[PDB]
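Trainee: give me coordinates for this.
(chains A, B, C and D, ligands or ions: 8)
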Amino acid sequence: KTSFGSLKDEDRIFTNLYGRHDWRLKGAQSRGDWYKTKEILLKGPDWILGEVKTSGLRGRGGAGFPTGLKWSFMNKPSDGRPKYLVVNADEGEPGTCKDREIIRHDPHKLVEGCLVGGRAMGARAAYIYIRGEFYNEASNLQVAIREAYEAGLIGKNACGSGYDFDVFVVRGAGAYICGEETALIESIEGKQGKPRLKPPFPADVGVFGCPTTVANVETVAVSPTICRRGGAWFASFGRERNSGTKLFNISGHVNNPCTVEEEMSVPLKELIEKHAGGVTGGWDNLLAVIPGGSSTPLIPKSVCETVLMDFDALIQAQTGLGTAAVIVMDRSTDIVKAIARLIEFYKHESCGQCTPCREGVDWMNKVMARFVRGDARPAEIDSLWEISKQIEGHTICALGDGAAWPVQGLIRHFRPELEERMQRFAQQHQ
Amino acid sequence: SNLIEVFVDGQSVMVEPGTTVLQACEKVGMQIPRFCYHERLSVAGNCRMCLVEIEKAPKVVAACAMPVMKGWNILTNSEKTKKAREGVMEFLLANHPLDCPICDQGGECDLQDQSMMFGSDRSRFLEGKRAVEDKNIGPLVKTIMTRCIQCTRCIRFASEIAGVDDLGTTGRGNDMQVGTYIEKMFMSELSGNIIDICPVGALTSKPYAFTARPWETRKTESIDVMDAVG
Amino acid sequence: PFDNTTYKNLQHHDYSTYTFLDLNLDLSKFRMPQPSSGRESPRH
Amino acid sequence: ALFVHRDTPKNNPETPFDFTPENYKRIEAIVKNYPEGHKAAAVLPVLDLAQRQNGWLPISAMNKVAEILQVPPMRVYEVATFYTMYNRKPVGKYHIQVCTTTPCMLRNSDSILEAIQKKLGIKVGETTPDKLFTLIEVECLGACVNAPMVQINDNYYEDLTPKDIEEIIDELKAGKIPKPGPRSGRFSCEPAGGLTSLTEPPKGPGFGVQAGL
Ligand SMILES: NC(=O)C1=CN([C@@H]2O[C@H](COP(=O)(O)OP(=O)(O)OC[C@H]3O[C@@H](n4cnc5c(N)ncnc54)[C@H](O)[C@@H]3O)[C@@H](O)[C@H]2O)C=CC1
Ligand SMILES: Cc1cc2nc3c(=O)[nH]c(=O)nc-3n(C[C@H](O)[C@H](O)[C@H](O)COP(=O)(O)O)c2cc1C
Ligand code: SF4
Ligand code: SF4
Ligand code: SF4
Ligand code: FES
Ligand code: FES
Ligand SMILES: [K+]
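Mentor: Residues are numbered from 1 along each chain as shown, chains lettered A, B, ... in the order given. Ligands and ions are numbered 1, 2, ... in the order given. Structure as follows:
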């Protein structure tokens, strides 16, 4: 199979994504949820891990780490401490709104994924860390958890399998840095949401010092479907090491901004022109696309023609898949102002613990503000490139890389526009 | 023996398990620069000055917190270690105030010394610096928080040794500040050691203020007789 | 009857300020006892 | 926007504050959600509950949280100052937050911001003289495909136009709470031009199950 896309409705994991059916237990149970869960819980942890790692599922958070190895890191005998599965439902990355849909419309899929994942690695409980702004989504999740508890699906003797498992929901307080896994762990513990240093990895020391595995909502909600349908069915879609389906949020200067599930190796042009109704003013009006939210470098129109939205082909286009959040900017957009707003967002959302991000991101914010005004010189463009290279790779967490990358992409693909801006400011203001 | 073998600049050294990169480099006489690491405090790892390069590894690691495994080669004077040191020094000196003649840490400042030794020689900062509101924590310690580098030795000392838990960090991003958030006097029996462990002139001795300079003082090693500890 | 022309997530229009908290308080009976670290607090 | 506290008659440590008994039971449930020996992990939800009861956080809820959780007050001060959802100043009854991040900026959110500004007669960061509205500008809120959008307290108002946000403000001034949803033709996140996916009925239980399970 060389061409990918045009996924049928029978192969979609996230049915009732748009909320057109019942989100409660009665409607979810008629859609295949909570079916034969006792069999998966009784087939052992290693069988679940083998089913996960045969499908080749990679982490949907944005790092793209393989899920089977990451989950099997906690398949070790316990030393008296409990083990915890922690679900990252923060979703603070701009352009990304898939986890809100998953929580709001399919909560029982998330609960079943929590139970199956906790059985796969011997977790004592589950801690769902939802965004603090998602009050209604958190209340819907609490209602569904109550319905699952009252039906005997979780709790003491969960699903009649002899396994004890609790699901908890913890609400955040409005911090984008708390989406980082170690910062999430620190925020659950009642501290400031500042990330830790690795090693120790969360499988060794995590929440409360216990072994902990932090997993995304999307990579958890698909696990019962993986164990039920099979790993080969999930691996039948996408390329090598890019298996399965993916939720895309198409937004920006597009006709129909929407969230839609699609095959992993779908072309970007086909995805945009099919699901979102095309960009405004036709395909020739496209100017730039950010494929993975604000943490990924942007690509111009000449690259989006022949690119595929998986991990490897987007890596080879010197960008990343990210969270599969496609932000589209047409020719009526100031690209410098958009990237400056992104850097301003990164300056506002930065924990300030470690030196290079804390100083340098504000430095880049000031430099890009002067770039938007045009009050600079090309020597400052090369200086900003060097500063971005100095920030990246020298920080505790990956927010510094996520703030360095968009500037590098903007410089690399739109240096003539910036130079024209500063030269017209110099010739107008003097 | 449980000792493992590592290499510092190609020189073999036997280290105990649990040893950090910094202590292994200290075992052969190399002192990696630090701003937040203290040997009598917990490891924070936020100043990022100790970023050293391990060979056959495409990422610099924080030497104050990274444990060494066997077969590792540490390059303390390679090109990218020096590049990381220069970048971190530039970021530290980006927002620092130009207060060296009017500051008591001059001549004994760690920031001055390992900016001269490991940093660059000029500034590319073409913006305006920040200013932080000063605080009052007692008649003993003079506080000028514009000079603070957010090294968080304050909180680690006051929580792990003095056991007071009055100092902390309030804010986020570049607006993050070190303080008590209220008009509280940090009055303990071990308060001047926060003057001692501050690497910059942010916390100074108020009785000693504006009196001498460190290069002109003659040092005599003696014994305290104020109590029976000796 | 298959209906996909209506929005079935209309329950959140009647949620109050305390709904999450009373949901947690009612859920508190089903939950299992928590593990203990042996001391009241790390500062103890 | 100051991260230091100065004593005022309105905000002093002697300002009266205490939880209601039902809130004490809720605090007990929150504490029971956590392992023993780690009672300090409940600093965030109890502080949020105090803000929900009071509407803002003076320095009497912080000390009360430190007292009922046996944690130092400095840690509660750090928690309150780090996160942006906690209000250390008294905001109005309706706290309007307008997202101006780039995916919302591309869909003309500044038009919504100036519409609110000329409807209320204030600017960003200010409060109406009758203490009913507060207008601030925030980062992304996880509704980027429904841009432009605002958040009023717990509710999300999405796909807004200047006329729609003016209608929301006028209805809020009358005392009636609007429906927290997109004001366009779509319901939650579907494409406006019909359903391009999930148009079939779901297959149901036992569909595609592998053998041996
Ligand atoms: N989803 C979102 O909202 C956002 C996603 N991102 C993306 O997230 C990524 C950065 O996130 P991180 O988790 O910090 O980076 P990633 O490099 O570290 O790590 C992913 C996971 O693999 C584990 N891991 C990796 N190597 C390991 C090893 N040798 N031993 C044990 N565990 C190991 C880590 O513990 C972590 O849980 C980037 O790709 C960025 O684009 C960035 C911003 C927002
Ligand atoms: C600044 C920052 C913010 C992040 N925010 C989120 C987030 O909101 N949701 C998420 O799932 N992962 C987020 N991540 C990625 C996590 O660190 C981690 O990779 C993820 O929670 C779990 O990865 P997985 O997809 O393999 O399970 C963030 C990372 C960083 C550096
Ligand atoms: S890179 Fe920024 S957000 Fe991440 S740990 Fe450092 S200061 Fe915090
Ligand atoms: S603390 Fe050091 S670098 Fe800063 S003003 Fe004083 S002597 Fe100069
Ligand atoms: S005042 Fe000094 S010791 Fe305290 S955090 Fe700042 S630099 Fe470190
Ligand atoms: S000495 Fe290691 S990061 Fe500061
Ligand atoms: S960018 Fe505005 S909700 Fe995400
Ligand atoms: K000092």
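
Trainee: tell me where chain A has strands.
Mentor: Using DSSP state E, the strands found in chain A span residues A:84-89, A:125-130, A:155-158, A:163-171, A:212-216, A:245-252, A:258-263, A:286-294, A:299-300, A:325-330.

Trainee: now the helices for chain D?
Mentor: Applying DSSP state H to chain D gives helices spanning D:21-32, D:43-54, D:61-69, D:73-82, D:102-105, D:109-120, D:162-173.

Trainee: any idea which of those helices is most buried?
Mentor: helix D:102-105 (a mean of 28; mean count of other Cβ atoms under 10 Å in any protein chain shown). From N, CA and C alone the C-beta is placed, and that goes for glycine too.

Trainee: ok, residue B:92 touching residue B:110?
Mentor: No. Residue B:92 is beyond contact range of residue B:110, at 10.8 Å (criterion: Cβ atoms under 8 Å).

Trainee: mind checking the SS state of the residue nearest to the spatial centre of chain B?
Mentor: Geometric centre of chain B, nearest residue: residue B:35, 2.2 Å, by Cα atoms, centre = their mean. When classified by DSSP: H, G, I helix; E, B strand; the rest coil, residue B:35 comes out as coil.

Trainee: check contacts around the residue nearest to it when sequence neighbours are not counted.
Mentor: With Cβ to Cβ, 6 or more residues apart in numbering or on different chains as the measure, residue B:47 is the residue that lies nearest to residue B:35, at 3.7 Å, once sequence neighbours are left out. Residue B:47 sits next to A:354, A:355, B:34, B:35, B:36, B:37, B:88, B:92, B:149, B:151 when contact means Cβ atoms under 8 Å, 6 or more residues apart in numbering or on different chains.

Trainee: recalculate using a threshold of 7 Å.
Mentor: A:355, B:35, B:36, B:151 (Cβ atoms under 7 Å, 6 or more residues apart in numbering or on different chains).

Trainee: ok, so of these, who is nearest ligand 6?
Mentor: residue B:36 (3.9 Å; Cβ to the nearest ligand atom).

Trainee: next, count neighbours for residue A:246.
Mentor: Residues within reach of residue A:246, counting by other Cβ atoms under 10 Å in any protein chain shown, total 24.

Trainee: how close does it sit to residue A:323?
Mentor: Taking Cβ to Cβ, to the nearest Å as the measure, residue A:246 falls 10 Å from residue A:323.

Trainee: what parts of chain A come near chain C?
Mentor: Near chain C, the residues belonging to chain A are A:19-23, A:82, A:104-105, A:135-136, A:138-140, A:142-143, A:145-146, A:149, A:155-156, A:164, A:166 when assessed by Cβ under 7 Å from any Cβ of the partner chain.

Trainee: can you flag the buried ones in the residues you listed?
Mentor: A:19-23, A:82, A:104-105, A:135-136, A:138-140, A:142-143, A:145-146, A:149, A:155, A:166 (16 or more other Cβ atoms under 10 Å in any protein chain shown).

Trainee: if we can go back for a sec, using CSV, please lay out the strands of chain A together with distance to ligand 6.
Mentor: What follows is those, written out as CSV (distance: least, Cβ to the nearest ligand atom, whole Å):
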stretch, distance to ligand 6
strand A:84-89, 26
strand A:125-130, 27
strand A:155-158, 44
strand A:163-171, 30
strand A:212-216, 24
strand A:245-252, 37
strand A:258-263, 41
strand A:286-294, 27
strand A:299-300, 35
strand A:325-330, 33
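
Trainee: so for residue A:181, which of those strands sits nearest?
Mentor: Across the strands of chain A, residue A:181 has its closest neighbour in strand A:212-216 (3.8 Å, Cβ to Cβ).

Trainee: would the closest one count as contacting chain D?
Mentor: No. Judged by Cβ under 7 Å from any Cβ, strand A:212-216 makes no contact with chain D; its nearest approach is 12.7 Å.

Trainee: direction included, what does that strand pair against?
Mentor: Here strand A:212-216 has these sheet partners by DSSP bridges: strand A:84-89 (parallel).

Trainee: do the partner strand and ligand 2 meet at all?
Mentor: Yes. For strand A:84-89, a contact with ligand 2 is found by Cβ under 6 Å from any ligand atom, at residue A:88.

Trainee: so what's the gap between that strand and the chain middle?
Mentor: With Cα atoms, centre = their mean, to the nearest Å as the basis, strand A:84-89 stands 13 Å off its chain's centre.

Trainee: give me the residues contacting that strand.
Mentor: Contacting residues not belonging to strand A:84-89 are listed as A:61, A:99, A:103, A:114, A:117-118, A:121, A:123-131, A:179, A:181, A:184, A:206-207, A:210, A:212-217, A:220 [Cβ under 7 Å, 6+ apart].

Trainee: so for it, what gets flagged as buried?
Mentor: For strand A:84-89, by 16+ other Cβ under 10 Å, it's A:84, A:85, A:86, A:87, A:88, A:89.

Trainee: swap in stretch D:132-147?
Mentor: Using 16+ other Cβ under 10 Å as the test for burial, stretch D:132-147 gives D:133-135, D:138-147.

Trainee: related to what we said a few turns ago, just the buried ones among the contacts of strand A:84-89, please.
Mentor: Neighbour-count burial (16+ other Cβ under 10 Å) applied to the contacts of strand A:84-89 gives A:61, A:99, A:103, A:114, A:117-118, A:121, A:123-131, A:179, A:181, A:184, A:206-207, A:210, A:212-217, A:220.

Trainee: residue A:135 and residue D:93, how far apart?
Mentor: For residue A:135, the distance to residue D:93 (Cβ to Cβ) stands at 17 Å.

Trainee: what residues does the stretch 201-350 of chain A put near chain D?
Mentor: Counting by Cβ under 7 Å from any Cβ, the stretch 201-350 of chain A comes close to chain D at A:208, A:228-230, A:233, A:249, A:251-253, A:256-261, A:274-277, A:327, A:329, A:333, A:338, A:341-342, A:345, A:348-349.

Trainee: just checking, residue B:129 touches residue B:99?
Mentor: No. Using Cβ atoms under 7 Å as the test, residue B:129 is too far from residue B:99 to be in contact (10.8 Å).

Trainee: neighbour count: those two, which is higher?
Mentor: A direct count of neighbours by other Cβ under 10 Å for residue B:129 and residue B:99 places residue B:99 higher, at 14 against 11.

Trainee: how about residue 31, what does it touch?
Mentor: No chain was given, so I picked chain A. A:15, A:16, A:21, D:202, D:204.

Trainee: nope, chain C please
Mentor: Counting by Cβ under 7 Å, 6+ apart, residue C:31 touches residue A:166.

Trainee: quick one on the thing from earlier: looking at the strands of chain A, which is closest to ligand 4?
Mentor: Nearest to ligand 4 among these is strand A:286-294 (35.0 Å), distances taken as Cβ to the nearest ligand atom.

Trainee: return the distance of the one residue in the stretch 101-250 of chain A that gets nearest to ligand 4 relative to ligand 2.
Mentor: Distance from ligand 4 to each residue of the stretch 101-250 of chain A (Cβ to the nearest ligand atom) is smallest for residue A:194, at 24.7 Å. Applying Cβ to the nearest ligand atom, to the nearest Å, the value for residue A:194 to ligand 2 is 11 Å.

Trainee: now, the buried ones among the residues of chain A next to chain C that are in helices?
Mentor: Reading helices off these with DSSP H, I get A:104, A:105, A:135, A:136, A:138, A:139, A:140, A:142, A:143, A:145, A:146, A:149.

Trainee: where is the longest helix in the chain?
Mentor: No chain was given, so I picked chain A. Longest helix in chain A, counting residues (DSSP H): helix A:399-429.

Trainee: the chain in question should be chain B.
Mentor: Taking DSSP H as the criterion, chain B has its longest helix at helix B:79-92.

Trainee: can you get me a residue count around the closest residue to ligand 5 within chain C?
Mentor: The minimum distance from chain C to ligand 5, using Cβ to the nearest ligand atom, falls at residue C:43 (21.8 Å). Residue C:43 is flanked by 12 other residues according to other Cβ under 10 Å.
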